[PDB]
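Take a look at the structure set out below.
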Amino acid sequence: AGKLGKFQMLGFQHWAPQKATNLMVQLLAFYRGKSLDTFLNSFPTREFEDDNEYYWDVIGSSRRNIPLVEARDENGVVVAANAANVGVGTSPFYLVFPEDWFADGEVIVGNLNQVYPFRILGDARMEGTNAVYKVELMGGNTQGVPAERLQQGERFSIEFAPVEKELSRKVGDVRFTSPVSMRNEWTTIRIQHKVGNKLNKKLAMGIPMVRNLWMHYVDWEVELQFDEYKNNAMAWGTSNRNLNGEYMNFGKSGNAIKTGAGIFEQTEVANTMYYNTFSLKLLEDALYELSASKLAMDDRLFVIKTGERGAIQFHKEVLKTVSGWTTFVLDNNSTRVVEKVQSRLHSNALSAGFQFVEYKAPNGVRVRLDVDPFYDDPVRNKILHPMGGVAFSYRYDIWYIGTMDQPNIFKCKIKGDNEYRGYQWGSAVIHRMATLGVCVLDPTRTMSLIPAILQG
Amino acid sequence: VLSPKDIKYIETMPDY
Amino acid sequence: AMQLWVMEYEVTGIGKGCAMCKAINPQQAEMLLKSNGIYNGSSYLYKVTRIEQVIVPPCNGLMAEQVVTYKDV
Amino acid sequence: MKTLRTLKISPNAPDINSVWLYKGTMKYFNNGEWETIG
Amino acid sequence: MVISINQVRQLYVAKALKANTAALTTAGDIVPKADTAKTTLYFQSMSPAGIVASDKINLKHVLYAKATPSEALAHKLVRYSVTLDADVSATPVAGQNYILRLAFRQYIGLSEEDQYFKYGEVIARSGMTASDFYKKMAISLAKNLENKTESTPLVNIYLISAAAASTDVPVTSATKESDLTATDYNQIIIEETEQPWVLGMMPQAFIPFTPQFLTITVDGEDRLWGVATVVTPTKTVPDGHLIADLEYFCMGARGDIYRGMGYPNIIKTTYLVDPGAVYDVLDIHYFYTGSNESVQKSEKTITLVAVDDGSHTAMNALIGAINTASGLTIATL
């Protein structure tokens, strides 16, 4: 594994007979620029009224259990971890919770549900914010609850509120919850160029290594390299705000340069792991636990988006996993790594080749794969990987976890034309300006495996 | 052949 | 951009290597390998053992030789 | 645990899932290293 | 922070204890007033807009009266010590992948069905020892967990040097293994953090966790490689974010129930509790019984907070002033 340099890019400040073609040759011994346009347009868009920061509704869940803070005996002494059994012979004891959640006459259970049920004998006596219920056991238990099942950090749920069949009085109560919200921000971009049709001073020639070693269209290059401004601001942008709402950077005119996080700084707040060597012990057990708590069994399809060499790192690692399956014998009858290709050289002429493009984990988890060609960027991704590539191709990105009925990722937009253009004849400067912003609604539905050399 | 959204684009867009 | 430098090195624990740069002095020859080589994210693994200039007047002779054995691995 | 079904006679190295035979030396791959047998 | 009530609850911050009605001048003052027959107790307090009184407690109709100190309301942050398992192997076996799964239980919601998992992975080398394993494990944990682009700090990672055995060596995403130079590491402490807070809108809640392990093949057998036990807590969450939340609720039983809602057209309640100070809380609970047929009780309470520095000097003076005026026997903390 070794690279041999096939080109060199030099600036122009460090340097007609007939032609064999009128179309300019573009060698394969030259890296080329890459648009993020195939990546960005895979997401839909959304139109807003103005450049105000925007918020929406966030809905959670309801089923709670309250952690215990401490447990006390009937005289007020706190139960230690090495103490004896508490509440022996159905003797009452106290149970200190950080909230008033359970009510009178209700049966609550510790980490071991239904084995040690505690019956609450009255309302909560407030200790500052704490709630102290004088409880006693409800299972016919004569020996009481052990001291390890009465410590800090034990979850307590509610079961019911039983009474006696005659002359009883009221027990139990009911509980309510509430939702939250989340915001997002915008960003504006500006470009200029002092210009007709000819180049200006920022030039770079490319000279290829072979053995015995026009006129510019400025109106297309300013649009292309301001398209790349809005493609790097939408996708590879970052935020510069505090937790106090203050901005950290100020522009030329005193005002604060307001930026919002792009795609890759909003989707990397959750489900992001940094690995040094890829293994299916890690990816399968991280995609299952995401899908064991969040996804139904039919809806467990993950389309891994990766680069080019990240596909051959997924090929040679499933092949490591498959070759350790000592139960099954893989034949050429079913898999067909060697098939019959019609050839002039022989009657029975063969071929060879295969690639593992999918992996299927237990409980219905299927791990697909596809190649997104913008991970192989020689301009932006410059830290190299020893197995070939630019080490960003070895990043695995799972978009679209589950089904939402609305898009999770979209590109925000102002109604109509939020792009600006302007010429400044003195000096002849073409100014262009645009605003943008990309909202990721739930970043828990985007998972990323990034190599460890791209962090910190 | 113009849908109402298109009349909205031919609208919200500037006249500037 | 003056002289050519062939390098014999050894990436630590990974293998051995053979490289060739174009710089003015051999300290910059190890710069152009530790930052443009294939171990960019593990540039501390590069251990360059021998740098000698590519001098012309023979123009028929070896410049680097570094074999990895089954008994080194 | 690990099954090796083939045995390759080669002065050079076989792959990690084959057993090396060379001139009187039997070698096999475990724990990332080619171990001799004798 | 919305709380539950029996019936109505009123909170008065005790910033300074005076002895006369005419001496109530500074915002936060309080004088516990009573009769000479000891039949009525009430608390004259100085608001930022004048002197106010409390409700008139009938001293025959008191139910309980206890004062809670500041260290009883300190949330003890739980810690988990991750070691190598002795029965599997005390030394990391070569070529096996040591992957740890941190299992969080309450990620953005109020319930455990909203879970979250962060990993850390180390393949061992042939000459890797136990101390070099915890160096590369906790760097690999902090690279995943405590990044600067994360939403909230979830857990803090700390090693323990075996010679010191009492000092936490912290690792961050910026921490390198060049800086971790000790040769005797025996455990990795994973410790939960303090979640963010703004008064009234975001309560003081926590995200608990459990470090879980995957299996490794040591002698052909699938064993999970470590043990993770819960050691005693060493840090405490201070009381200030809970009482400034508690005043925000009980300043709506007295004053405005509409806080901020139609924003320029509001009544703004000014609070006298600084969230940067711990407090000793006294909750005197009482009721009212009607004249002839209204024997049903109206169980209400009055909350009093007082800041201490070390020894409780301000609340034990307030309990001493309530005792010498009303004639109760509230226990002194």
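Chains: A, B, ... in order of the structure tokens. Residues: from 1 per chain. Ligands: from 1, in order shown.
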
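For residue 222 (chain A), the residues within 10 Å (counting only C-alpha atoms, excluding itself and residues fewer than 4 positions away along the chain) are residues 191, 192, 193, 217, 218, 226, 227, 228, 430, 431 and 432 of chain A.
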
Out of chain D, which residues get strand (DSSP E) from DSSP, as a PyMOL selection string? chain D and resi 6-9+18-22+25-30+33-37

Could you turn the residues from that selection into a file that holds N, CA, C and O atoms, as a CSV table (one decimal), in the first residue's frame?
```csv
chain,number,residue,atom,x,y,z
D,6,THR,N,-8.6,-26.6,4.8
D,6,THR,CA,-7.6,-26.8,3.7
D,6,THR,C,-6.2,-26.8,4.3
D,6,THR,O,-5.9,-26.3,5.4
D,7,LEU,N,-5.3,-27.4,3.5
D,7,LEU,CA,-3.8,-27.4,3.8
D,7,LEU,C,-3.1,-27.0,2.6
D,7,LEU,O,-3.2,-27.8,1.6
D,8,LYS,N,-2.3,-25.9,2.6
D,8,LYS,CA,-1.7,-25.4,1.4
D,8,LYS,C,-0.2,-25.6,1.5
D,8,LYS,O,0.4,-25.1,2.4
D,9,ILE,N,0.4,-26.3,0.5
D,9,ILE,CA,1.9,-26.5,0.5
D,9,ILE,C,2.5,-25.3,-0.3
D,9,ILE,O,2.4,-25.2,-1.5
D,18,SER,N,-6.0,-21.2,6.2
D,18,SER,CA,-5.4,-22.3,5.7
D,18,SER,C,-4.2,-22.7,6.4
D,18,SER,O,-3.6,-21.8,7.1
D,19,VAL,N,-3.8,-24.0,6.4
D,19,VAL,CA,-2.7,-24.5,7.2
D,19,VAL,C,-1.4,-24.6,6.3
D,19,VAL,O,-1.4,-25.2,5.2
D,20,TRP,N,-0.4,-24.0,6.8
D,20,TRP,CA,0.9,-23.8,6.1
D,20,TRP,C,1.7,-25.1,6.2
D,20,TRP,O,2.0,-25.6,7.3
D,21,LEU,N,2.1,-25.7,5.0
D,21,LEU,CA,3.1,-26.7,5.0
D,21,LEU,C,4.3,-26.3,4.2
D,21,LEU,O,4.1,-25.7,3.1
D,22,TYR,N,5.5,-26.4,4.7
D,22,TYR,CA,6.7,-26.0,4.0
D,22,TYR,C,7.8,-26.9,4.5
D,22,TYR,O,8.2,-26.8,5.7
D,25,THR,N,7.7,-28.4,8.0
D,25,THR,CA,7.2,-27.5,9.1
D,25,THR,C,5.7,-27.3,8.8
D,25,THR,O,5.3,-26.8,7.8
D,26,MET,N,4.9,-27.6,9.8
D,26,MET,CA,3.5,-27.3,9.8
D,26,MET,C,3.2,-26.0,10.6
D,26,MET,O,3.6,-25.9,11.8
D,27,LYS,N,2.5,-25.1,10.0
D,27,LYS,CA,2.2,-23.8,10.6
D,27,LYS,C,0.8,-23.5,10.4
D,27,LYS,O,0.1,-23.8,9.4
D,28,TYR,N,0.2,-22.9,11.5
D,28,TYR,CA,-1.2,-22.5,11.5
D,28,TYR,C,-1.4,-21.2,12.2
D,28,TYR,O,-0.5,-20.8,13.0
D,29,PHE,N,-2.5,-20.5,11.9
D,29,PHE,CA,-2.7,-19.1,12.4
D,29,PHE,C,-3.7,-19.1,13.6
D,29,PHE,O,-4.9,-19.4,13.4
D,30,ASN,N,-3.1,-18.7,14.7
D,30,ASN,CA,-4.0,-18.4,15.8
D,30,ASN,C,-3.4,-17.1,16.6
D,30,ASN,O,-2.2,-16.9,16.6
D,33,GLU,N,-0.8,-14.7,14.9
D,33,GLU,CA,0.5,-15.1,14.6
D,33,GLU,C,0.6,-16.5,14.1
D,33,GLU,O,-0.3,-17.4,14.4
D,34,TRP,N,1.5,-16.8,13.2
D,34,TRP,CA,1.7,-18.1,12.6
D,34,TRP,C,2.5,-18.9,13.5
D,34,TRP,O,3.7,-18.7,13.8
D,35,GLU,N,1.9,-19.9,14.1
D,35,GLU,CA,2.5,-20.8,15.1
D,35,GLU,C,3.0,-22.1,14.5
D,35,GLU,O,2.2,-22.7,13.8
D,36,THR,N,4.2,-22.5,14.8
D,36,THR,CA,4.7,-23.8,14.3
D,36,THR,C,4.2,-24.9,15.2
D,36,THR,O,3.8,-24.7,16.4
D,37,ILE,N,4.2,-26.1,14.7
D,37,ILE,CA,3.7,-27.3,15.4
D,37,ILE,C,4.9,-28.3,15.5
D,37,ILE,O,5.4,-28.8,14.5
```

I need the alpha helix (DSSP H) residues of chain C per DSSP on the backbone, written as a PyMOL selection string. chain C and resi 26-34

Neighbour list for residue 12 (chain B) as a ChimeraX atom specification, cut-off 12 Å, only C-alpha atoms, skip fewer than 6 positions in-chain: /A:47-50,414-418 /B:5-6

Write the selection just made, keeping N, CA and C atoms, as an mmCIF file, in the first residue's frame?
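So the final result, stored in again_13.cif, reads:
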```cif
data_model
loop_
_atom_site.group_PDB
_atom_site.id
_atom_site.type_symbol
_atom_site.label_atom_id
_atom_site.label_comp_id
_atom_site.auth_asym_id
_atom_site.auth_seq_id
_atom_site.Cartn_x
_atom_site.Cartn_y
_atom_site.Cartn_z
ATOM 1 N N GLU A 47 -40.231 26.533 3.385
ATOM 2 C CA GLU A 47 -40.313 27.971 3.178
ATOM 3 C C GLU A 47 -40.814 28.665 4.438
ATOM 4 N N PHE A 48 -40.146 29.753 4.809
ATOM 5 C CA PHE A 48 -40.490 30.552 5.975
ATOM 6 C C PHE A 48 -40.885 31.954 5.535
ATOM 7 N N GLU A 49 -41.480 32.703 6.461
ATOM 8 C CA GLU A 49 -41.938 34.047 6.125
ATOM 9 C C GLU A 49 -40.811 35.068 6.211
ATOM 10 N N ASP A 50 -39.885 34.892 7.147
ATOM 11 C CA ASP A 50 -38.888 35.916 7.421
ATOM 12 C C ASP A 50 -37.658 35.264 8.033
ATOM 13 N N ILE A 414 -36.261 31.248 2.591
ATOM 14 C CA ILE A 414 -37.134 32.412 2.604
ATOM 15 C C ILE A 414 -37.983 32.338 1.342
ATOM 16 N N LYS A 415 -39.234 32.799 1.417
ATOM 17 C CA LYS A 415 -40.121 32.753 0.259
ATOM 18 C C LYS A 415 -39.602 33.631 -0.884
ATOM 19 N N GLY A 416 -39.465 33.023 -2.051
ATOM 20 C CA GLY A 416 -39.044 33.733 -3.255
ATOM 21 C C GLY A 416 -37.533 33.684 -3.448
ATOM 22 N N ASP A 417 -36.911 34.861 -3.546
ATOM 23 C CA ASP A 417 -35.497 35.003 -3.908
ATOM 24 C C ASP A 417 -34.778 35.625 -2.714
ATOM 25 N N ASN A 418 -34.113 34.788 -1.924
ATOM 26 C CA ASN A 418 -33.291 35.249 -0.814
ATOM 27 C C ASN A 418 -31.843 35.488 -1.221
ATOM 28 N N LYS B 5 -49.595 27.142 -6.317
ATOM 29 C CA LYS B 5 -48.268 27.366 -5.730
ATOM 30 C C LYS B 5 -47.417 28.167 -6.698
ATOM 31 N N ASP B 6 -47.522 27.914 -7.984
ATOM 32 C CA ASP B 6 -46.727 28.630 -8.993
ATOM 33 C C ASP B 6 -47.173 30.077 -9.050
#
```

Residue contacts of residue 31 (chain A) (10 Å, only C-alpha atoms) excluding same-chain residues fewer than 6 positions away, as number ranges by chain: A: 6-9, 206, 377-379

Filtering to C-alpha atoms, could you give me those residues as a tab-separated table (two decimals), in the first residue's frame?
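Here's the written file part-v5.tsv:
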```tsv
chain	number	residue	atom	x	y	z
A	6	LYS	CA	0.46	11.72	-10.42
A	7	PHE	CA	-0.04	15.51	-10.48
A	8	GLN	CA	1.03	18.72	-8.82
A	9	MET	CA	-1.02	21.90	-8.43
A	206	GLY	CA	-2.05	21.89	-12.72
A	377	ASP	CA	-13.25	14.80	-1.48
A	378	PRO	CA	-9.53	15.56	-2.04
A	379	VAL	CA	-9.98	19.28	-1.30
```

Once you count only C-alpha atoms, which residues of chain C turn out to be within 9 Å of chain A? Could you give them as a ChimeraX atom specification? /C:17-19,35-42

What does the file look like for those residues with N, CA and C atoms, as a PDB file, in the first residue's frame?
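As a result, part.pdb now contains:
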```
ATOM      1  N   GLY C  17       8.785   0.848   5.229  1.00  0.00           N
ATOM      2  CA  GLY C  17       8.437   1.737   4.140  1.00  0.00           C
ATOM      3  C   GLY C  17       9.630   2.210   3.341  1.00  0.00           C
ATOM      4  N   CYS C  18       9.320   2.750   2.167  1.00  0.00           N
ATOM      5  CA  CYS C  18      10.293   3.328   1.252  1.00  0.00           C
ATOM      6  C   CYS C  18       9.639   4.549   0.627  1.00  0.00           C
ATOM      7  N   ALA C  19      10.283   5.711   0.718  1.00  0.00           N
ATOM      8  CA  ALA C  19       9.682   6.938   0.210  1.00  0.00           C
ATOM      9  C   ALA C  19      10.726   7.800  -0.477  1.00  0.00           C
ATOM     10  N   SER C  35       3.385  14.620   6.737  1.00  0.00           N
ATOM     11  CA  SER C  35       2.143  15.343   6.504  1.00  0.00           C
ATOM     12  C   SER C  35       1.447  15.003   5.194  1.00  0.00           C
ATOM     13  N   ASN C  36       2.137  14.395   4.233  1.00  0.00           N
ATOM     14  CA  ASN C  36       1.506  13.981   2.989  1.00  0.00           C
ATOM     15  C   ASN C  36       1.469  12.472   2.819  1.00  0.00           C
ATOM     16  N   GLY C  37       2.014  11.712   3.764  1.00  0.00           N
ATOM     17  CA  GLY C  37       2.016  10.270   3.664  1.00  0.00           C
ATOM     18  C   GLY C  37       0.656   9.677   3.952  1.00  0.00           C
ATOM     19  N   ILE C  38       0.595   8.346   3.894  1.00  0.00           N
ATOM     20  CA  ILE C  38      -0.676   7.668   4.125  1.00  0.00           C
ATOM     21  C   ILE C  38      -1.022   7.550   5.598  1.00  0.00           C
ATOM     22  N   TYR C  39      -0.064   7.774   6.494  1.00  0.00           N
ATOM     23  CA  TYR C  39      -0.341   7.848   7.927  1.00  0.00           C
ATOM     24  C   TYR C  39      -0.370   9.310   8.372  1.00  0.00           C
ATOM     25  N   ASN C  40      -1.362  10.034   7.856  1.00  0.00           N
ATOM     26  CA  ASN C  40      -1.507  11.444   8.204  1.00  0.00           C
ATOM     27  C   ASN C  40      -2.051  11.616   9.614  1.00  0.00           C
ATOM     28  N   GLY C  41      -2.995  10.769  10.011  1.00  0.00           N
ATOM     29  CA  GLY C  41      -3.572  10.821  11.335  1.00  0.00           C
ATOM     30  C   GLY C  41      -2.779  10.111  12.393  1.00  0.00           C
ATOM     31  N   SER C  42      -1.715   9.434  11.996  1.00  0.00           N
ATOM     32  CA  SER C  42      -0.798   8.765  12.899  1.00  0.00           C
ATOM     33  C   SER C  42       0.630   9.098  12.503  1.00  0.00           C
TER      34      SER C  42
END
```

Counting only C-alpha atoms, collect the residues of chain A whose closest atom lies at most 6 Å from chain E, and write them out as a compact mmCIF listing (two decimals) with N, CA, C and O atoms, in the first residue's frame.
```
# COMPACT_ATOMS: atom_id res chain seq x y z
N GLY A 60 -42.87 14.32 24.26
CA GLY A 60 -42.12 13.22 24.84
C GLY A 60 -42.96 12.01 25.21
O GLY A 60 -43.75 11.53 24.39
N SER A 61 -42.80 11.52 26.43
CA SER A 61 -43.54 10.36 26.92
C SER A 61 -43.95 10.60 28.36
O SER A 61 -43.63 11.63 28.96
N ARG A 63 -44.65 7.63 31.00
CA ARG A 63 -44.55 6.58 32.01
C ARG A 63 -43.31 6.78 32.87
O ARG A 63 -42.19 6.55 32.41
N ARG A 64 -43.52 7.18 34.12
CA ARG A 64 -42.43 7.50 35.02
C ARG A 64 -42.32 6.48 36.15
O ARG A 64 -43.30 5.83 36.51
N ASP A 100 -43.37 14.68 45.16
CA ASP A 100 -44.66 14.16 45.62
C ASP A 100 -45.32 13.50 44.42
O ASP A 100 -45.95 14.17 43.60
N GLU A 127 -40.38 17.50 53.27
CA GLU A 127 -39.11 17.83 53.90
C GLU A 127 -38.38 18.72 52.91
O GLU A 127 -37.55 18.24 52.12
N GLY A 128 -38.67 20.02 52.95
CA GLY A 128 -38.21 20.91 51.92
C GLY A 128 -38.95 20.63 50.63
O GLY A 128 -40.12 20.98 50.48
N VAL A 269 -24.97 15.56 17.58
CA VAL A 269 -25.25 15.74 19.00
C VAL A 269 -25.78 14.46 19.62
O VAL A 269 -25.90 14.39 20.86
N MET A 273 -20.58 7.78 17.44
CA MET A 273 -19.51 7.01 18.06
C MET A 273 -18.24 7.17 17.25
O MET A 273 -18.28 7.23 16.02
N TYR A 274 -17.10 7.23 17.94
CA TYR A 274 -15.79 7.39 17.31
C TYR A 274 -15.00 6.10 17.50
O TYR A 274 -14.60 5.78 18.63
N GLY A 456 -10.66 15.62 17.73
CA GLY A 456 -9.85 16.11 18.84
C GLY A 456 -8.35 16.24 18.67
O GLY A 456 -7.76 15.87 17.66
```

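Near chain A, the residues of chain D that fall inside 10 Å (using only C-alpha atoms) are residues 1, 2, 3, 4 and 17 of chain D.
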
Computed gap from CA of residue 20 (chain C) to CA of residue 212 (chain A) is 18.9 Å

Counting only C-alpha atoms, chain C residues within 10 Å of chain D, as a VMD selection string: chain C and resid 70 to 71 73

Taking only residues of chain E that have an atom at most 10 Å from an atom of chain D, what is each one's shortest atom pair and its distance in Å to one decimal, using only C-alpha atoms, in chain and number order, as JSON lines?
```
{"residue": "E:93", "atom": "CA", "partner": "D:31", "partner_atom": "CA", "distance": 9.8}
{"residue": "E:94", "atom": "CA", "partner": "D:31", "partner_atom": "CA", "distance": 7.4}
{"residue": "E:95", "atom": "CA", "partner": "D:31", "partner_atom": "CA", "distance": 6.6}
{"residue": "E:96", "atom": "CA", "partner": "D:31", "partner_atom": "CA", "distance": 9.2}
{"residue": "E:126", "atom": "CA", "partner": "D:31", "partner_atom": "CA", "distance": 9.5}
{"residue": "E:217", "atom": "CA", "partner": "D:1", "partner_atom": "CA", "distance": 9.9}
{"residue": "E:219", "atom": "CA", "partner": "D:1", "partner_atom": "CA", "distance": 9.9}
{"residue": "E:220", "atom": "CA", "partner": "D:1", "partner_atom": "CA", "distance": 6.5}
{"residue": "E:221", "atom": "CA", "partner": "D:1", "partner_atom": "CA", "distance": 9.2}
```
